[PDB]
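Given next are the chains, with one letter for each unit.
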Amino acid sequence: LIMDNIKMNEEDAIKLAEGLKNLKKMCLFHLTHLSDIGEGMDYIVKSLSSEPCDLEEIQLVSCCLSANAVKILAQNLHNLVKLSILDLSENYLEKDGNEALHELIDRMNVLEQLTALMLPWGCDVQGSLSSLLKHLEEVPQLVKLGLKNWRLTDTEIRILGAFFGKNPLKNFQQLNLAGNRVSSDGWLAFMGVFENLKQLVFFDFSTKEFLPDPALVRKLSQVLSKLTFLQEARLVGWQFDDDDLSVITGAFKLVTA
Amino acid sequence: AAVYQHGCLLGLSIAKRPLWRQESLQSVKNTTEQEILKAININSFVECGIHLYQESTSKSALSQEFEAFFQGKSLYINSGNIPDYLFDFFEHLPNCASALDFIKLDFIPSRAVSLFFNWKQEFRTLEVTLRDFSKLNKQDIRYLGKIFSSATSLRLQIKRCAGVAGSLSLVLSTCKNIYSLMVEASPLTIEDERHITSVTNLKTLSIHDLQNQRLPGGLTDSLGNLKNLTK
């Protein structure tokens, strides 16, 4: 079932949450470009995540998710084993989002099928990145990982550098970092991590506006060229000149903004 | 490649028209014409090796022999004269050009940047010389940055540059690989002086013809910050 940019009356979500209860064979659910709803989305998480089913992928994007809706899911993570894709990202948690995240992060101890975990954004969830590391290291199938829509400082890349030490997955392909606050001193600090991620398919590491030193341009071109795939990576928000774009190797696609 | 012995040191002033560097480095003091000629002779030797390579129509086939030949030598490049064969040498003969111990870049055409600012490798030690600089353009600084960064170790010699004063910290701050810095009869501001005293990974520092005397906190005040300084 796909619901893409469909306007709701803020009541129908409740009735659907009930109707969905009998769809015991449903496996895939997409909810995309939701209008402002508020109450009505929590009914989906209350009705679902229980009365167990075969849902394989739950992709609610930009769906006005509340911290309470996240808490409800956390409580209900004892159900829906076999679930592999859990999104609920591209979504800002207005209040107590970090608490809701902390509760689910310390769980998922029955969810052995989790891949491509995307996280909700809170102000400032960054203070808990180490809480993700706590359990991310326990999942050997994290082919994809997305940490989007928030400021990421030099301190945070050092924390991630520890994450990327690392006891290797040897199956990591997709890294999504939509924005950051990384200085010209690096960035570079985690370069060489790519040696443990030779099968990277794509990544972004995008920003608002940043002008890299020639040294960083050189390190990029001499590192990404050693990757097996590099299937259309992007560098959105990076001020590369014609001279720098000449240095960057023949990537399948290249985006600067 | 098996010949390491120099042999006869007479004449051989044909190569490298700037025999006395056109009034630059290696001037009145510390001449030793015998060593100057040796540098010229080895530089022409390296060029000969490159020319033999170019005419061998063996771009990669004979890379092993050329590696042994070039290893341990120095190459001099004039920024005002960069022959086409240098581009092919650096681009098509990897692990040999990089086997050179030193590359001397004596000055800023964009071509100089294009040659050095490549994605093939980082150079071991680069020796950059600045000479006829009455003005330092913002573009020139940008171009130098691109060149300075393409190395593991940087040696910089600034002689009689008038446009550098007030911009020395601006240039030096673009590359942390600097370990050897010399300034010959070239003025500077206190901010530039403080910057030099703020770089703690320097091994060599040489100041010539500085006539300011009253330099608060400067190289004449303490200079105890450069704990790694040997010369």
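Thresholds, definitions, all that
- Residues numbered from 1 in each chain as written, not as in the entry; some residues may be left out.
- Chains lettered and ligands numbered in written order.
- Part of a larger assembly, values for the part shown.
- Heavy atoms only, no water.
- Axes fitted to C-alpha atoms, helices over the stretch in contact; angles between N-to-C directions.
- Helix = DSSP H or I, 4+ residues; strand = E, 2+ residues; numbered from the N terminus.
- Parallel < 35°, antiparallel > 145°, perpendicular 65-115°, else oblique.
- Contact = heavy atoms within 4.5 Å.
- Nonpolar A, V, L, I, M, F, W, Y, C, P; charged D, E, K, R; others polar.
- 1 Å grid on protein atoms, 1.4 Å probe; cavity = no way out; pocket = protein on both sides within 12 Å on 5 of 7 lines; lining within 4 Å.
- Points joined across faces, edges and corners; volume = space filled by probe spheres on them.
- Pairing = 2+ DSSP bridges.
- Right-handed = clockwise from strand over helix to strand, strands pointing away.

> Would you mind going over the packing of helix α5 (residues 129–136) of chain A against helix α6 (residues 154–163) of chain A with me for this structure?
Each pair of packed helices can be summarised by the angle the axes make with each other and by the distance between the axes. Residues and elements named next belong to chain A. At a closest axis distance of 10 Å, the pairing of α5 and α6 adopts a crossing angle of 10°. One way to sum up the angle between α5 and α6 is to call them roughly parallel. Counted together, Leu129, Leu133 and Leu136 of α5 and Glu156, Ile159 and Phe163 of α6 form the full contact between these two elements. By residue class, the composition of the contact of α5 with α6 is five nonpolar, no polar and one charged.

> Explain the side chain of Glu193(B) to me, please; I cannot follow it from the model alone.
One can find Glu193(B) in helix α7 (residues 190–196). Excluding anything up to four places from it in sequence, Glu193(B) contacts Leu188(B), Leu215(B), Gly218(B), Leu219(B) and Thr220(B).

> Whenever I open this one, empty space enclosed by the protein confuses me. Can you help?
Rolling a probe over the atoms, with the probe sized like a water molecule, indicates the empty space that remains. Residue and element names in this part refer to chain A. The space that makes up the largest cavity amounts to roughly 240 Å³. Along its surface, the largest cavity is lined by 18 residues, and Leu175, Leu177, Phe190, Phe194 and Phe205 are the ones closest to its centre. For the lining of the largest cavity, the element with the highest residue contribution is α6, accounting for three residues.

> Explain the sheet that holds strand β7 (residues 174–176) of chain A to me, please; I cannot follow it from the model alone.
Remark on secondary structure: sheet strands pair via backbone hydrogen bonds, oriented parallel or antiparallel. Residue and element names in this part refer to chain A. What the four strands build is an open sheet, ordered β5-β6-β7-β8; its pairing is parallel. Sheet topology places β5 (117–118) and β8 (202–203) at the edges, where each strand pairs with a single neighbour. Summarising the sheet, strand β6 (residues 144–146) and β7 pair through three bridges and their orientation is parallel. Pairing of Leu145 across the sheet is with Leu175, part of β7.

> How do you make sense of the pairing of strand β4 (residues 151–159) of chain B when you look at a structure like this?
In regular strands, side chains alternate between the two faces of the sheet. All names here are of chain B. Sheet analysis places strand β3 (residues 123–130) next to β4, joined by seven bridges and oriented parallel. Opposite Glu127, over in β4, you have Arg155 as the bridge partner. Regarding topology, helix α5 (residues 138–148) serves as the crossover connection from β3 to the parallel β4, and that connection is right-handed.

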